[PDB]
There are 10 protein chains.
Amino acid sequence: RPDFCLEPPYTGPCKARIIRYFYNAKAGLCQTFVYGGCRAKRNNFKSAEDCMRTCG
Amino acid sequence: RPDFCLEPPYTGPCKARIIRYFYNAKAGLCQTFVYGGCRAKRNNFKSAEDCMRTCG
Amino acid sequence: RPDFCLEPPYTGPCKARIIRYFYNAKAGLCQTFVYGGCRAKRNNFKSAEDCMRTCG
Amino acid sequence: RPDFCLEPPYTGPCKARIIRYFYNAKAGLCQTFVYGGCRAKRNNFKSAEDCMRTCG
Amino acid sequence: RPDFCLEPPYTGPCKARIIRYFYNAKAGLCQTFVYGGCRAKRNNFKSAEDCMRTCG
Amino acid sequence: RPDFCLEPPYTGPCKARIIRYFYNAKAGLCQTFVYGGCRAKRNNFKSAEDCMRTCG
Amino acid sequence: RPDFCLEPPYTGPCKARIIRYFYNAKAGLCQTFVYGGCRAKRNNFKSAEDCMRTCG
Amino acid sequence: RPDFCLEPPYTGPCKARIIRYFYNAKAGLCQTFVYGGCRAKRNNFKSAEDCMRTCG
Amino acid sequence: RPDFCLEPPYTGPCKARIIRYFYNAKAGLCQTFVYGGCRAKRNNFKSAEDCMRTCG
Amino acid sequence: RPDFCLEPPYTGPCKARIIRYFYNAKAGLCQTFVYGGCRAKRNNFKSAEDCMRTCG
């Protein structure tokens, strides 16, 4: 499991309201969060499948 | 049918306005509701098929 | 053709702005309308194909 | 090429912010525009493929 | 690699908040940005795959 | 009183949030609404004085 | 002093961020508040002068 | 009438949401458009009066 | 010179981004700052002239 | 012509999007730029008249 999977979800400065998935280390699974649309961090997945496989 | 299927729909504190499905015990079927984007409860399905199969 | 196909489009009390299709009896075809996200009536289709097959 | 392909893009009175394609006669290709969600004119395509084939 | 891949992302005058991808020459990869919905420039991709293949 | 004074307020496809006035036939006076910045209809006044004199 | 001068400031459902003045009965003077752009109440003044004179 | 009056409106790369006027040759009058705030073309007027006098 | 002229600029909890002037005791003149739109402190002037005359 | 007229436009760290004018030495005239709202440099004019008289 990569170092970035432990980062907290980052929304960013943009005004969009898109659902993205992030790995919640404490909960042990991927959850949803609102992404602003720009300047994303590595713990930001468009696909839930990708999130679990990468940070599983 | 799981206990969580009897829970009322939970929008959450987030700003997004995404359509999700929840099981309406009183009506006997899955209906739509607006999900905020974060902190979802279990009675929250992205797919209607999933909702009717799980709480059917 | 079901009697609900003659009902006018219902947006509902919710804040979302989703495109849904409804059958316009006067025009003879399905058209688009903005669905609020909750408490939908029968003349509300996610798919245009479904709308024109059901109320065709 | 149908004459409606020469119409200017019509957003309509509705509140939604949907991307639709319209044929730009001057530019010679289909471009994007924001559709309101209701009362669409003919030069309004959900699919870019459809737009280019119809007004190509 | 086409010259347009070096252009900065262009949101445009429209109200929509759509996620599109653009090539960030400095970073060496495609990133997300909010597209307004109309009058797009060339460094604007609907698909991330397309962005990377074109400006890779 | 011109026929256009009976039209509903039209925000348009643009991103700006400008206050403009429109004549509300039902209420009998001019009210405010948010204009997007482009492709305005006739029932759109920069000045409240103008609105009331034209559609009074 | 009119009855409406005792109403609390109303922002409304619109997305603009305009400065308007309202009479604060408790403080004894007009103060600023953010008006959304539509569906205003009577305790909403564009001009501070007007606010004090009307509810003074 | 100067030839720049035939140019299409240019918003520019900047983030602001300012209303400016441009001459619409096809319509025969000045209309509004959203200016980004920097790198303005010639067909960009702060004043509507100026626009109609210059490109009238 | 009033005591309040020595206070630091107060943006407040509101969403607007209005330019206001405040007296900078250290610099010896009025400067600009972003006011949120509500709950303003005394070192907040709409007019620069007023700021320099009051705290001059 | 003052030495500050040769400085490049400074937006600053603030979130506002105000149009200000700056002298472009290379172009020989004042142009527009987006000012953030705080910590302005000398080549920043609220009025275009002022800009061209000071750095003319």
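Rules used throughout
Numbering of residues starts from 1 on every chain and follows the order in which that chain's sequence is written, so it may differ from the entry's own numbering; residues lacking coordinates are left out. Whichever chain is written first becomes A and whichever ligand is written first becomes 1, with later ones labelled in order. Only heavy atoms go into the side-chain values, all of them from the structure, while hydrogens and water stay out. Residues with missing side-chain atoms are left out of burial classes, side-chain pairs and their counts. Think of it this way: any DSSP run of H or I at least four residues long counts as a helix, any run of E at least two long counts as a strand, and we number them from the N terminus. All radius of gyration figures rest on C-alpha atoms, and the globule criterion is 2.2 Å times the number of residues raised to 0.38. Working rule for contacts: check all heavy atoms of both residues, and any pair within 4.5 Å makes them a contact. Here the copies are fitted together by least squares on their C-alpha atoms. Amino acids are sorted into nonpolar (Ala, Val, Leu, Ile, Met, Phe, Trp, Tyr, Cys and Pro), charged (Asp, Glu, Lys and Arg) and polar (every other residue, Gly among them). By convention in these notes, a salt bridge is any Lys or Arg side-chain nitrogen within 4 Å of a carboxyl oxygen on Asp or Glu. Working definition: with a 1.4 Å probe on protein chains only, accessible area under 20% of the residue-type maximum means buried, over 50% means exposed, and in between means partly exposed. To count as a disulfide, a pair of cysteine sulfur atoms needs to be within 2.5 Å. UniProt positions are given in the numbering used here, feature names are shortened, and annotations may be inferred rather than shown by experiment. Here a strand pair is declared whenever DSSP counts at least two bridges between the two strands.

A. Looking closely at the overall build of chain A. When its secondary structure is counted, chain A shows 1 helix and 2 strands. Over its C-alpha atoms chain A spans a radius of gyration of 10 Å, differing by no more than 12% from the 10 Å that the globule rule assigns to 56 residues. With the principal axes as the frame, chain A shows a C-alpha extent of 30 × 20 × 15 Å. Long-range pairs, those at least 24 residues apart, make up 43% of the contacts in chain A with a sequence separation of at least 6.

B. Highlighting the relation of the copies chain H and chain F. Each copy superposes on the other: chain H lies on chain F with an RMSD of 0.1 Å after a rotation of 72° and an axial shift of 0.1 Å. These values place the two chain copies in the arrangement generated by a five-fold rotation axis. Residue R17 of chain H of chain H places its C-alpha closer to the rotation axis than any other residue of that unit, at 6.5 Å.

C. Representation of the interface of chain H and chain F. Each side of the interface is counted separately: chain H has 8 residues, and chain F has 11 residues. Looking at the side of chain H that touches chain F, the elements with two or more residues in it are β1 (18-24) and β2 (29-35) of chain H. When residues of the side of chain H that touches chain F are assigned to their parent elements, the largest contribution, 3 residues, is made by β2 of chain H. Residues that form the side of chain H that touches chain F fall into these classes: 5 nonpolar, 1 polar and 2 charged.

D. Representation of the interface of chain E and chain D in the model. Across the contact, 11 residues belong to chain E and 8 residues belong to chain D. For the side of chain E that touches chain D, the per-class residue count stands at 5 nonpolar, 2 polar and 4 charged.

E. Layout of the pattern of salt bridges. Residues and elements named next belong to chain A. With the rule as written, the count across this model stands at 10 salt bridges over all chains. A salt bridge links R53 to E49, with the shortest nitrogen-to-oxygen separation between them at 2.7 Å. Here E49 and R53 lie together in helix α1 (residues 48-54), a separation of 4 residues that amounts to about one turn. When its relative accessible area of 56% is taken as the criterion, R53 is described as exposed.

F. Spatial organisation of the UniProt feature "disulfide bond" in chain A. All names here are of chain A. Between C14 and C38 the annotated UniProt disulfide holds up in this structure, with the two sulfurs at 2.0 Å. With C14 in the segment before β1 (18-24) and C38 in the loop between β2 (29-35) and α1, the pair connects residues that are 24 residues apart, well separated along the chain. Look at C14 and you get partly exposed, because its relative accessible area is 26%. A sulfur-sulfur distance of 2.0 Å separates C30 from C51, so the disulfide listed by UniProt for this pair is formed here. On the criterion of sequence distance, the pair formed by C30 in strand β2 and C51 in helix α1 is long-range, its members being 21 residues apart.

G. Local environment of the pairing of strand β1 (residues 18-24) of chain D. Residues and elements named next belong to chain D. For β1, a buried count of 6 out of 7 residues is recorded, marking the element as mostly surrounded by other parts of the structure. The sheet contact formed by β1 and strand β2 (residues 29-35) spans 7 bridges and is antiparallel. The residue bridging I19 from the neighbouring strand is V34, located in β2. In this antiparallel pair of consecutive strands, β1 and β2, the connection spans 4 residues, and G28 shows a positive phi of 80°.

H. Focus on the environment of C5 of chain I. Residues and elements named next belong to chain I. Within the secondary structure layout, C5 lies in the segment before β1 (18-24). Owing to a relative accessible area of 0%, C5 belongs among the buried residues under this scheme. The sequence separation of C5 and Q31 amounts to 26 residues, and the corresponding C-alpha distance is 12 Å. Aside from chain neighbours lying at most four places away, what touches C5 is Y23, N43, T54 and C55.

I. Examining the state of the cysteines more closely. Residue and element names in this part refer to chain B. All told, the structure shown has 30 disulfides over all chains when counted by the stated rule. The residue that forms a disulfide with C14 is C38, at a sulfur-sulfur distance of 2.0 Å. Note on the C14 and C38 pair: the S-S dihedral is about 100°, so by sign convention the disulfide is right-handed. Classification of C38 as buried rests on a relative accessible area of 10%. For chain A, the bonded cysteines pair up as 1-6, 2-4, 3-5 when numbered in the order they occur along the sequence.

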